[PDB]
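experimental structure and its sequence below.
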Amino acid sequence: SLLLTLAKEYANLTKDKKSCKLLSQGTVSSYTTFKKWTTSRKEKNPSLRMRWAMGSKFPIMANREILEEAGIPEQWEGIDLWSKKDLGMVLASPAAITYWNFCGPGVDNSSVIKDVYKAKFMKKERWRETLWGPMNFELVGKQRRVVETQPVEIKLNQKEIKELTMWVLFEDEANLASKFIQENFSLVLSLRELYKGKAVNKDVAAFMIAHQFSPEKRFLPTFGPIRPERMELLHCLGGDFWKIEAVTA
Amino acid sequence: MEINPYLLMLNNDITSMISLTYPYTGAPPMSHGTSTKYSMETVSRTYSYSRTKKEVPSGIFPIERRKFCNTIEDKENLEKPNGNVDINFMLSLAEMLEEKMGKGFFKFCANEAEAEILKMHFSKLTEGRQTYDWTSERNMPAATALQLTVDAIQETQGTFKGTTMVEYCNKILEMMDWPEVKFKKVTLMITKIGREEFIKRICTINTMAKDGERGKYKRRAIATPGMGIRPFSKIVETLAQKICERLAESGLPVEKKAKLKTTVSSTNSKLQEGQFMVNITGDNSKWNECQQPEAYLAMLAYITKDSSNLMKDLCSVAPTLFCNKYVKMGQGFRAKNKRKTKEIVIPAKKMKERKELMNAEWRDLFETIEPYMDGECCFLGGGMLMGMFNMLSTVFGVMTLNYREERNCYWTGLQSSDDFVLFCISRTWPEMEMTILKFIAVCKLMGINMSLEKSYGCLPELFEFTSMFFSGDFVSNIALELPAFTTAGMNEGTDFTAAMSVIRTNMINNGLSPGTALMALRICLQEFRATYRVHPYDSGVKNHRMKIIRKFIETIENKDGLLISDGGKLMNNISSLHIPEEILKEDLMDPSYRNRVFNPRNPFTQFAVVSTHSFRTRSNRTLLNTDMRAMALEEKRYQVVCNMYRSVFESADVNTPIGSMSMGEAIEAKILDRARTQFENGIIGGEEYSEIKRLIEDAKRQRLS
Amino acid sequence: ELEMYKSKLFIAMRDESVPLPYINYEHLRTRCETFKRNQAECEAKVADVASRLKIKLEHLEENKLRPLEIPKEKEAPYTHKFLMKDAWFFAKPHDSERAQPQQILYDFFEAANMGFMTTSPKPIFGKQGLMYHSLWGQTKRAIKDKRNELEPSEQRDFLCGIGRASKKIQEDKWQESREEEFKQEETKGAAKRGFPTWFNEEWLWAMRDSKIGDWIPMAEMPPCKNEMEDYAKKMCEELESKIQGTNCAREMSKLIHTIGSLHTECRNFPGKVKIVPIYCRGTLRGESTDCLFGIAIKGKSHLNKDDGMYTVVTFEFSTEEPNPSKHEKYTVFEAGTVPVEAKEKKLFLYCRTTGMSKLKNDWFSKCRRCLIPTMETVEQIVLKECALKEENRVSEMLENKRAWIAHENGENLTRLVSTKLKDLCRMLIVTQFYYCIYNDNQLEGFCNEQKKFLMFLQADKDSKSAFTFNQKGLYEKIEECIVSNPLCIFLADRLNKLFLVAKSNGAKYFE
RNA sequence: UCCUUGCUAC
RNA sequence: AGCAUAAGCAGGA
């Protein structure tokens, strides 16, 4: 029943007079130069405006109908959490954020959270299970390399990944049929057994796919072995005047 | 007792006590007021460095044209810098260059370059720094200036169907052939402009004052080009980028430390029984007033002699656009009475009529520039200002370093934008004077002026190159900027992990020893806590956010699972600068706390780390009160249209949406496509399909009318 | 594919912009494709070598590294916004509920009794006495009624600049008059001053340990594994535990609290003149106290651009006799008497009008970052030591190592004061902090040129026989940027004294 | 011709 | 007055 809503929105936006001169006058690729129209120059002092923003009493834009479902207009001694000034969006204080975090409703979603971030929990799981040793205090240093830095098991090269996510999530406008599909097409079947029914949005899904398939190869000063497991252990393992390595397993 | 902080250098090196001599803990000096005098000094100083008076009249422009190559009036002051290039000498240096490595060298690099130009989309022009919009004559980011250009194209004659680089360049040249060009002024009126005025406006470069340059006493004017110059400069920078990546005597792309060890070792393995080596640290002076684009035109005509017929004419347009640039002269000056009470403002237009209200220096600099001034601009035709060709001048330097005269005394080195390192090999000291004066001779003929004030030499490796002072064995690191550790300023969630990312990348690339790492981590933690007003629970701070935390701390069981944004302590360290704080702490949180924080039904986030403190601060207040109000409304329209595109193609922010038909037809054809696919295996209802078909046909008849 | 759009004005433009021995781009393109070089190249080169007249300058035979030219003129004044060496603070125990800066201001009106803070209307020296007397009485009765907002009087309208702006008239109406309002422009530059004599005593004052202890608000130490984290935690604890007690940290806390409070007042209330105290916080005998150094007054800052230079009027507290050479920009009044137990000494109230901006508010209020390069320098020394020896010698190497500083005044030659390595951190934080204060154009250009001279001294240390091409223009570029900054003149003089001490061993210098 | 007002926690 | 340094800020709509 989404196509009726899309027809109502498309007829609603072709109802406007001077908006009809916008679409069907450009091209598809102009979407990119339609996405960026930041008339501010550079936001050249972000932390300055962030401290000036947090210096006020109501700096935040927050939703009304979710916060009036559970929240409270003022806390127990003069702490303001609400305004009536202005779309229906209400200004608020970070005291309402911490009041939400300590006296608000709660929904169990730990499976979704521990499944979106599998690469990062894999990093912490590999970090907890390592053992170190003594230092060395020796001269060390070597040239700059292009090294894959993530312990993935697939190792694609940023060209099968975009085409892979075209031919898994939404195949109606994916690509011309190339030669890179066939064998990995079997994996596509397995992916269509995974991302079929989830509450995860397609931008979050296309985010979390590219972190189990993409070994991030960068141009870094390396020394010793070039195993891909010890590349966060590159900045952890040694610098210019010192070195620490006693990893057994 | 006196005190002296330099005495540490009596028993140390300049690789340890050299970070002490940078005043990088204080503010950079900013500029104030008009930037007219600095632009006048740049243009008039270039014409003073022309070393000629050979002027040639013009048929296109209404102003005289001074020539800058092969036309020399040799002054006796030759230690003064010249800006006059001999083209037979430099083509002899390029022919001397390609006889060193390979035979079809330039053919190979040019075929790779054109091979990368033909597979390039023009939206790459939006991934850049600020440019100059000639529609409203201001400085804007790249995407706004590009869409205002395409807006002027589609409003003037026809529509646009290009979607490549080459067809966009051809579209600009076709816009040069048009007799009249029309655009939108401000409340959106539609104006027109002529043909010679469009040429005068397509070649306008906007000059301003360079703000925040650590290391100079006087200010300097930086210049920004338009939009009709950026694709051609992109082409030339791809060509020279491939040439510089292929060479072995350059330091722009980057390793810059392996090359110097290989050339110091490889040229210290090439000595006879009596020879020796002298290295000389140099600095090329007036680098932006002595690089003419006419020698660039001849050299780029020499590289692509056997490449194609497209590339031979496509790599020969940006030099022709640099031989005829205009310059915006800032915004004028200000006059005042004797009592300093009323101060009138004179802009750059009426500066000629108000000529007799200036100083001595302003009238000197203005009367050396008067027959080259237009109404607003000036006609410079031999300068190469800042923010332009940077990888081709390095090819000029490598051409000066590969000179072969035929003893057995010679030189090598390494070249950057304007900083060279010269290694000389000879036998006695007057022969060293002969070789070094030969180097200043070849650089002096080609158009490169070594500065005699900032240059010196030694026998072994004690040189200096791109602010890394190399001593005999050790190397010091670059003194990095301090405010870069805290420049996120968006969120309570995307600040501390971004600061750990900046500390990490400054630990890998530069030195950044572990003590400086822990200290910088702790100071960024403290500026975070001072910014967002959150202190730990055991602290004595009693404000409007710690009253709630101090009141409700008895509910939380495991107290060291709290976030730093909620009054938690620190668990990240040097060995955890890739693990965020939230993901490190989710093994220790209370289930009530964790289920309450990460709830996606939150009134703040709804409408790389975990998104649960992600809020948006409110907008400004004077953005809807000026004369530029409705332009803000204009961006709203674009957002709405983009949202409609996101409503149709469910995966559009992943892959780049190329195509050249329209945006509305792909929407309607897509809704009919998924209406048929979801029709025959799905929907099946006459009122829904006929009502959707009725809305698509009614919206199509509304769009066509 | 291979067709470029051959337009007309572009080919008539490319044919106009070729070099001079060519007619069209076609003739140039046909000549560049058939080019073979010759040996007139070397003849043109040597004909360029002959008309040169350029000789290189050795140092072992013409050691003309003369000392720099310090100006011999009027002494450079005290230019920092606050008072460092001559400060006087009133203390009270810190109340956590009364922690906003205006409440600190009120509780110090009852604590530090301003009822005894009578001033005579005749100052000792200075410029404007009655305006400062009426402004001090007006702001003191403003603090007495417990509200910080100056009602409009003649004194505040004269001091913080209100209505003192030129009329910016655009060039649409000018209404020119015959020989009336003759207008033009003129610029002058900056005036030149001399070597400061008060600067050494404030260098040695600032690194002397102050009994009030911890000043800088640092943060907590993260837990450590069995890694190199013991090294980082140890260096941070030792270096931080040395630098927290000094008198430089008192001024860093003074800039953070005072200028940070001025920063939030400049955001929240433009167009209204506020009253901001000048205070710190430090632990006295474990009891957390907050101090009070003076009373600062804002000047209706409508900060439009990154500049703005709003006018801060500072009333300061001192207990020393003033000096018309050092305290030249002040307007020194008096205060009264203070009991100071080891008897009851005098108290001088000082006055000064000054100015700030948005950018220096952002850079002074974050001066804690001056701890970041300091440790770096220290750690480099330590690391290179073990890099030469390949053994964990860190703890005893911060104890059995000396570091030269501070030669005496009557003699300099090989009479140097070596300290321990760890105490070295004190000296380094002071100079980093001075780079935060006295940053100008002059200090930047001076720091480039001193890096050149340091390269010359390193070439002298190892006997590499360096050489220069043009010494005269070199000193004519260094001496341009030593005008009136106190740090620049002080560091140029100490650079000359490094040349005097180093002249006793290596031979490239003068006396 | 006219002078609106934002509420500060190291 | 002052900040500041080769020219600005010290209100404006």
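Nice, thanks for sending it over. Numbers count the residues shown, from 1 in each chain, chains lettered A, B, ... in the order given.

neighbours around the spatially closest residue to residue C:20 that is not a sequence neighbour, how many?
Counting by Cβ to Cβ, 6 or more residues apart in numbering or on different chains, the nearest residue to residue C:20 once its immediate chain neighbours are dropped is residue B:67, at 4.7 Å. (Each C-beta comes from the backbone N, C-alpha and C, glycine too.) Neighbourhood size, residue B:67 [other Cβ atoms under 10 Å in any protein chain shown]: 21.

ok, residue B:67 to residue C:324 distance?
Note on residue B:67: its distance to residue C:324, by Cβ to Cβ, to the nearest Å, is 63 Å.

what of residue C:124?
According to Cβ to Cβ, residue C:124 stands 9 Å off from residue C:324.

okay, those two: which has more neighbours?
Taking other Cβ under 10 Å, residue C:124 and residue C:324 do not tie; residue C:124 has more neighbours (16 against 12).

so residue C:314, which state does it fall into?
What DSSP: H, G, I helix; E, B strand; the rest coil gives for residue C:314 is strand.

just confirm it contacts residue C:278, I think it does.
Yes. Residue C:314 sits in contact with residue C:278 when judged by Cβ atoms under 8 Å, with a separation of 7.2 Å.

check the offset of the host helix or strand of residue A:61 from the chain's centre.
Per DSSP states H and E, residue A:61 falls inside strand A:60-63. A distance of 22 Å separates the centroid of the chain from that of strand A:60-63, by Cα atoms, centre = their mean, to the nearest Å.

could you find the closest non-adjacent residue to residue A:149?
Spatial nearest neighbour of residue A:149, excluding adjacent residues (Cβ to Cβ, 6+ apart): residue A:231 at 3.7 Å.

got it, and residue A:162?
Using Cβ to Cβ, 6+ apart and skipping residues adjacent in sequence, the residue nearest residue A:162 is residue B:655, 5.6 Å away.

quick one: contacts for that neighbour?
Shown in contact with residue B:655 (Cβ atoms under 8 Å, 6 or more residues apart in numbering or on different chains): A:162, A:165, A:166.

for these, which one is nearest residue B:44?
residue A:162 (52.7 Å; Cβ to Cβ).

picking up where we left off before, residues touching the residue nearest to residue A:149, list them.
A:147, A:149, A:150, A:220.

looking at these, which are in helices?
Using DSSP state H, no member of the contacts of residue A:231 sits in helices.

among those, name the ones in strands.
A:147, A:220 (DSSP state E).

if you go through the stretch 101-250 of chain C in chain order, where are the strands?
Ranges of strands in the stretch 101-250 of chain C, per DSSP state E, counting those that start in this stretch, are C:167-169.

tell me the residues of it that contact RNA strand E?
Within the stretch 101-250 of chain C, the positions lying close to RNA strand E (Cβ under 7 Å from any atom of the strand) are C:127-128, C:159-166, C:168, C:187-191.

which among those gets closest to residue B:679?
Among these, and counting by Cβ to Cβ, the member closest to residue B:679 is residue C:168, at 68.5 Å.

right, and residue B:68 touches residue B:84 too?
Yes. Using Cβ under 8 Å, residue B:68 is in contact with residue B:84, at 6.6 Å.

mutual contacts of these two, please.
Counting by Cβ under 8 Å, 6+ apart, the common neighbours of residue B:68 and residue B:84 are B:50, B:52.

who has more neighbours out of the two?
Set side by side, residue B:68 and residue B:84 show more neighbours around residue B:68, with 28 against 21, by other Cβ under 10 Å.

for that one, what are its contacts?
B:50, B:52, B:83, B:84, B:85, B:292, B:294, B:381, B:382, C:19.

show me where chain A has its helices.
Secondary structure of chain A, counting by DSSP H: helices at A:2-14, A:32-35, A:46-54, A:67-70, A:94-102, A:110-116, A:118-128, A:160-166, A:182-191, A:202-209, A:233-237.

what about residue A:142, distance to chain C?
The gap separating residue A:142 from chain C is 16 Å, by Cβ to the nearest Cβ, to the nearest Å.

now do the phi/psi pair for the residue nearest to that residue when sequence neighbours are not counted.
In space, and not counting its chain neighbours, residue A:142 is closest to residue A:223: 4.3 Å by Cβ to Cβ, 6+ apart. Main-chain torsions, residue A:223, degrees, to the nearest 10: phi -160, psi 150.

what is the burial count for residue A:223?
14.

can you show me the strands along the stretch 151-300 of chain B?
Using DSSP E, counting those that start in this stretch, strands in the stretch 151-300 of chain B cover B:181-185, B:189-193, B:204-209, B:221-224, B:276-281.

the ones you listed: which one's closest to residue B:414?
Closest to residue B:414 of the strands of the stretch 151-300 of chain B is strand B:276-281 (Cβ to Cβ; 10.4 Å).

outside of that closest one, which residues touch it?
For strand B:276-281, using Cβ under 8 Å, 6+ apart, the contacting residues are B:267-268, B:271, B:421-427, B:432, B:436, B:455-465, C:455.

what's the answer for stretch B:514-521, then?
For stretch B:514-521, using Cβ under 8 Å, 6+ apart, the contacting residues are A:239, A:242, B:485, B:499-500, B:503, B:507, B:572-574, C:222, C:228-229, C:231-233, C:235-236, C:239, C:371-372, C:375-376, C:378-379.

quick one: the most centrally placed residue in chain A from residue B:162, how far?
The C-alpha lying nearest the average C-alpha coordinate of chain A belongs to residue A:207 (Cα atoms, centre = their mean; 6.4 Å). Plainly put, residue A:207 is 32 Å away from residue B:162 if you go by Cβ to Cβ.

is the strand holding residue A:61 positioned near chain B?
Yes. If you take Cβ under 8 Å from any Cβ of the partner chain as the test, strand A:60-63 does meet chain B, through A:60, A:61, A:62, A:63.

care to break the chain down by domain?
Chain wasn't specified; assuming chain A. A:1-40, A:41-108, A:109-249 (curated CATH domains).

ah, I was thinking of chain B
Chain B breaks down by automatic domain parsing into domains covering B:502-597, B:629-704.

please identify the most buried of these.
domain B:502-597 (a mean of 19; mean count of other Cβ atoms under 10 Å in any protein chain shown).

got TSV for the domains of chain A, with distance to RNA strand D too?
TSV is the format used below for these (distance: least, Cβ to the nearest atom of the strand, whole Å):
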stretch	distance to RNA strand D
domain A:1-40	17
domain A:41-108	3
domain A:109-249	29
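
wait, which of these is closest to RNA strand E?
Closest approach to RNA strand E among the domains of chain A (Cβ to the nearest atom of the strand): domain A:41-108, 16.4 Å.

residue B:498: neighbour count?
21.

wait, it touches residue B:488, no?
Yes. At 4.4 Å, residue B:498 counts as touching residue B:488 under the criterion of Cβ under 8 Å.

quick one: common contacting residues for the two?
Contacts common to residue B:498 and residue B:488, judged by Cβ under 8 Å, 6+ apart, are absent.

next one: residue C:196 from chain A, what distance?
33 Å.

next: residue C:127.
Distance from residue C:127 to chain A, by Cβ to the nearest Cβ: 35 Å.

any idea how many residues pack against that residue?
A count of nearby residues for residue C:127, using other Cβ under 10 Å, gives 12.

next one: residue C:191
By other Cβ under 10 Å, the residues close to residue C:191 number 9.

before we move on, which element is the residue lying closest to residue B:16 once chain neighbours are set aside in?
Leaving aside its sequence neighbours, residue B:16 sits nearest to residue C:380 (Cβ to Cβ, 6+ apart; 4.7 Å). Remark: residue C:380 resides in helix C:371-389, with elements defined by DSSP H and E.

which of the residues of strand A:60-63 next to chain B count as buried?
Neighbour-count burial (16 or more other Cβ atoms under 10 Å in any protein chain shown) applied to those gives A:60, A:61, A:62, A:63.

the first one bridge partners, please.
Legend: beta-bridge partners of residue A:60 under DSSP bridges are residue A:92, residue B:617.

ok, it to residue A:54 distance?
Distance from residue A:60 to residue A:54, by Cβ to Cβ: 9 Å.
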